[PDB]
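*Asks:* Next comes model-v2.txt, compact mmCIF, C-alpha atoms and all ligand atoms:
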# COMPACT_ATOMS: atom_id res chain seq x y z
CA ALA Y 1 0.00 0.00 0.00
CA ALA Y 2 2.15 2.81 -1.38
CA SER Y 3 0.54 6.16 -2.38
CA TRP Y 4 0.54 4.91 -5.94
CA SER Y 5 -0.86 1.40 -5.19
CA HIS Y 6 -3.88 0.53 -7.39
CA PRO Y 7 -7.33 -0.87 -6.61
CA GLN Y 8 -7.70 -4.64 -7.13
CA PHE Y 9 -10.54 -6.78 -8.32
CA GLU Y 10 -8.93 -9.80 -6.70
CA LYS Y 11 -10.15 -10.94 -3.23
CA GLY Y 12 -9.75 -13.75 -0.70
CA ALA Y 13 -5.98 -14.41 -0.95
CA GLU Y 14 -5.97 -14.40 2.88
CA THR Y 15 -8.13 -17.48 3.15
CA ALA Y 16 -6.27 -19.53 0.48
CA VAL Y 17 -4.67 -21.79 3.10
CA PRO Y 18 -3.97 -25.53 3.03
CA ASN Y 19 -6.24 -27.73 5.18
CA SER Y 20 -4.19 -28.48 8.32
CA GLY Y 21 -3.55 -32.16 9.18
CA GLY Y 22 -5.24 -33.91 12.12
CA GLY Y 23 -1.99 -35.14 13.64
CA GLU Y 24 -0.48 -31.65 13.70
CA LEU Y 25 -3.67 -30.15 15.16
CA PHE Y 26 -3.76 -32.90 17.77
CA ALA Y 27 -0.09 -32.24 18.69
CA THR Y 28 -0.81 -28.48 19.05
CA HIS Y 29 -4.14 -28.53 20.96
CA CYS Y 30 -4.50 -31.95 22.63
CA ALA Y 31 -1.34 -34.07 23.07
CA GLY Y 32 -0.10 -32.02 26.08
CA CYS Y 33 -2.97 -33.51 28.13
CA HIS Y 34 -3.57 -36.66 26.03
CA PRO Y 35 -0.05 -37.91 25.17
CA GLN Y 36 -0.23 -41.15 23.17
CA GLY Y 37 -4.01 -40.99 23.77
CA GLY Y 38 -3.67 -41.14 27.58
CA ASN Y 39 -4.73 -38.38 30.03
CA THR Y 40 -2.34 -36.64 32.38
CA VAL Y 41 -5.05 -34.47 34.08
CA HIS Y 42 -7.71 -37.15 34.76
CA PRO Y 43 -5.89 -40.57 34.48
CA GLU Y 44 -9.18 -42.55 34.14
CA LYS Y 45 -10.37 -40.58 31.07
CA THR Y 46 -7.99 -41.84 28.32
CA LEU Y 47 -8.81 -41.62 24.60
CA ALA Y 48 -8.80 -45.45 24.30
CA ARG Y 49 -11.69 -46.41 22.01
CA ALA Y 50 -13.65 -48.42 24.63
CA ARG Y 51 -13.36 -45.56 27.11
CA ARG Y 52 -14.51 -42.79 24.65
CA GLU Y 53 -17.41 -45.02 23.61
CA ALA Y 54 -18.46 -45.59 27.24
CA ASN Y 55 -19.52 -41.94 27.24
CA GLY Y 56 -21.14 -42.15 23.77
CA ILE Y 57 -18.14 -40.50 21.97
CA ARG Y 58 -18.05 -42.97 19.03
CA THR Y 59 -17.61 -41.11 15.68
CA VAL Y 60 -15.49 -38.35 14.20
CA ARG Y 61 -18.41 -35.90 14.59
CA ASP Y 62 -18.95 -36.97 18.21
CA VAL Y 63 -15.30 -35.92 18.90
CA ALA Y 64 -15.74 -32.68 16.93
CA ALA Y 65 -18.87 -31.90 19.12
CA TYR Y 66 -17.35 -33.02 22.46
CA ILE Y 67 -14.53 -30.40 22.28
CA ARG Y 68 -17.13 -27.56 22.22
CA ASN Y 69 -18.19 -28.16 25.85
CA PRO Y 70 -16.01 -30.80 27.52
CA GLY Y 71 -15.59 -32.14 31.08
CA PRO Y 72 -13.70 -30.61 34.06
CA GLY Y 73 -10.02 -29.76 33.47
CA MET Y 74 -10.39 -29.66 29.65
CA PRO Y 75 -10.82 -26.32 27.96
CA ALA Y 76 -13.67 -25.70 25.54
CA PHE Y 77 -12.55 -24.95 21.98
CA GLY Y 78 -14.83 -22.65 20.01
CA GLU Y 79 -15.06 -22.23 16.40
CA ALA Y 80 -12.59 -19.23 16.08
CA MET Y 81 -9.83 -21.36 17.51
CA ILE Y 82 -10.89 -24.70 15.96
CA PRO Y 83 -13.12 -24.11 12.94
CA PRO Y 84 -15.56 -26.88 11.90
CA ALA Y 85 -13.19 -28.28 9.20
CA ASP Y 86 -10.35 -28.47 11.79
CA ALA Y 87 -12.59 -30.10 14.39
CA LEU Y 88 -13.38 -32.90 11.87
CA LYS Y 89 -9.66 -33.45 11.19
CA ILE Y 90 -8.96 -33.71 14.95
CA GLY Y 91 -11.90 -36.16 15.27
CA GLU Y 92 -10.52 -38.20 12.34
CA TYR Y 93 -7.08 -38.41 13.97
CA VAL Y 94 -8.55 -39.44 17.37
CA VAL Y 95 -10.62 -42.23 15.76
CA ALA Y 96 -7.76 -43.36 13.39
CA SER Y 97 -5.19 -43.33 16.21
CA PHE Y 98 -6.42 -44.62 19.55
CA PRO Y 99 -7.67 -48.25 19.73
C1 LIG Y 101 -5.91 -30.34 29.42
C2 LIG Y 101 -5.82 -29.03 29.80
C3 LIG Y 101 -6.69 -30.91 28.19
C4 LIG Y 101 -6.60 -30.54 26.90
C5 LIG Y 101 -5.74 -29.38 26.33
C6 LIG Y 101 -7.47 -31.40 26.12
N1 LIG Y 101 -8.08 -32.31 27.00
FE1 LIG Y 101 -9.39 -33.75 26.50
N2 LIG Y 101 -9.64 -34.23 28.51
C7 LIG Y 101 -8.98 -33.59 29.55
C8 LIG Y 101 -9.59 -33.98 30.81
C9 LIG Y 101 -9.25 -33.54 32.25
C10 LIG Y 101 -10.67 -34.95 30.43
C11 LIG Y 101 -11.64 -35.69 31.39
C12 LIG Y 101 -12.86 -34.76 31.57
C13 LIG Y 101 -13.87 -35.49 32.42
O1 LIG Y 101 -14.91 -35.88 31.89
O2 LIG Y 101 -13.65 -35.69 33.61
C14 LIG Y 101 -10.64 -35.05 28.99
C15 LIG Y 101 -11.46 -35.88 28.22
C16 LIG Y 101 -11.46 -36.03 26.84
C17 LIG Y 101 -12.21 -37.02 26.05
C18 LIG Y 101 -13.11 -38.16 26.59
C19 LIG Y 101 -14.31 -37.71 27.35
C20 LIG Y 101 -14.89 -38.92 28.07
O3 LIG Y 101 -14.48 -40.12 27.87
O4 LIG Y 101 -15.82 -38.62 28.85
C21 LIG Y 101 -11.92 -36.80 24.77
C22 LIG Y 101 -12.47 -37.58 23.56
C23 LIG Y 101 -10.98 -35.69 24.69
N3 LIG Y 101 -10.72 -35.27 25.97
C24 LIG Y 101 -10.41 -35.17 23.55
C25 LIG Y 101 -9.60 -34.06 23.47
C26 LIG Y 101 -9.24 -33.37 22.24
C27 LIG Y 101 -9.66 -33.92 20.85
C28 LIG Y 101 -8.48 -32.30 22.58
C29 LIG Y 101 -7.88 -31.24 21.63
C30 LIG Y 101 -8.71 -30.61 20.71
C31 LIG Y 101 -8.36 -32.27 24.02
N4 LIG Y 101 -9.05 -33.35 24.52
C32 LIG Y 101 -7.70 -31.33 24.77
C33 LIG Y 101 -7.95 -32.70 29.41
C34 LIG Y 101 -7.60 -32.02 28.26
Please render this file's structure as structure tokens.
Ligand code: HEC
*Replies:*
Amino acid sequence: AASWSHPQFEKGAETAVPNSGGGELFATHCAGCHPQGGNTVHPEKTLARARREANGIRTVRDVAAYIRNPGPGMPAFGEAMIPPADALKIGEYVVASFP
């Protein structure tokens, strides 16, 4: 934006980003408390499939919903921090990763 800079018709360059990967997003937002799918804050609440499913957290979209209003000691993630597409990726990684 110099004095001589011209108007543009082009728009939306800002949002032309790659889709982030689930593993990286997990490492960034979750692995601190859930390393290797465990739980360092509440030891009984691991991400092991049977345990997630005991509370009805069965699918990718169950994960992506759970993080919006989770249990004590876990922060809630709203949609500015973890947009819907990113929530799905994190759900995918949880389901693909922790038996
Ligand atoms: C620590 C500050 C946490 C961060 C960051 C994340 N989680 Fe978490 N998680 C944490 C606690 C203390 C608990 C137990 C809450 C309770 O009910 O007592 C959990 C639980 C989960 C679960 C399972 C819920 C259940 O079985 O009832 C899941 C599926 C889960 N957490 C996923 C998850 C994801 C995907 C995160 C990053 C986006 C994440 N957690 C962050 C502690 C913390």
*Asks:* Could you list the protein, DNA and RNA residues that have any atom within 7 Å of ligand LIG 101 (chain Y), counting all atoms listed in the file, and write them as JSON, numbers by chain?
*Replies:* {"Y": [26, 29, 30, 32, 33, 34, 39, 41, 42, 45, 46, 47, 51, 52, 54, 55, 57, 63, 66, 67, 70, 71, 72, 73, 74, 75, 77, 90, 91, 94]}
*Asks:* CA of residue 24 (chain Y) and CA of residue 87 (chain Y) are how many Å apart?
*Replies:*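 Spanning CA of residue 24 (chain Y) to CA of residue 87 (chain Y) is a straight-line distance of 12.2 Å.
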*Asks:* Taking only C-alpha atoms into account, which of Y:83, Y:56, Y:50, Y:22 comes nearest residue 96 (chain Y)?
*Replies:*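 Ranked by minimum distance to residue 96 (chain Y), first place goes to Y:22.
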*Asks:* For a test of reading the model, state the distance in Å between CA of residue 23 (chain Y) and CA of residue 44 (chain Y), rounded to one decimal.
*Replies:* 23.0 Å
*Asks:* What residues have an atom no more than 8 Å from (-18.5, -20.6, 25.0) in the file's own frame, counting all atoms listed in the file, and can you write them as a count of residues only?
*Replies:* 5
*Asks:* Pick from Y:35, Y:12, Y:84, Y:21: nearest to residue 48 (chain Y), with all atoms listed in the file counted?
*Replies:*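 Closest residue, counting all atoms listed in the file: Y:35.
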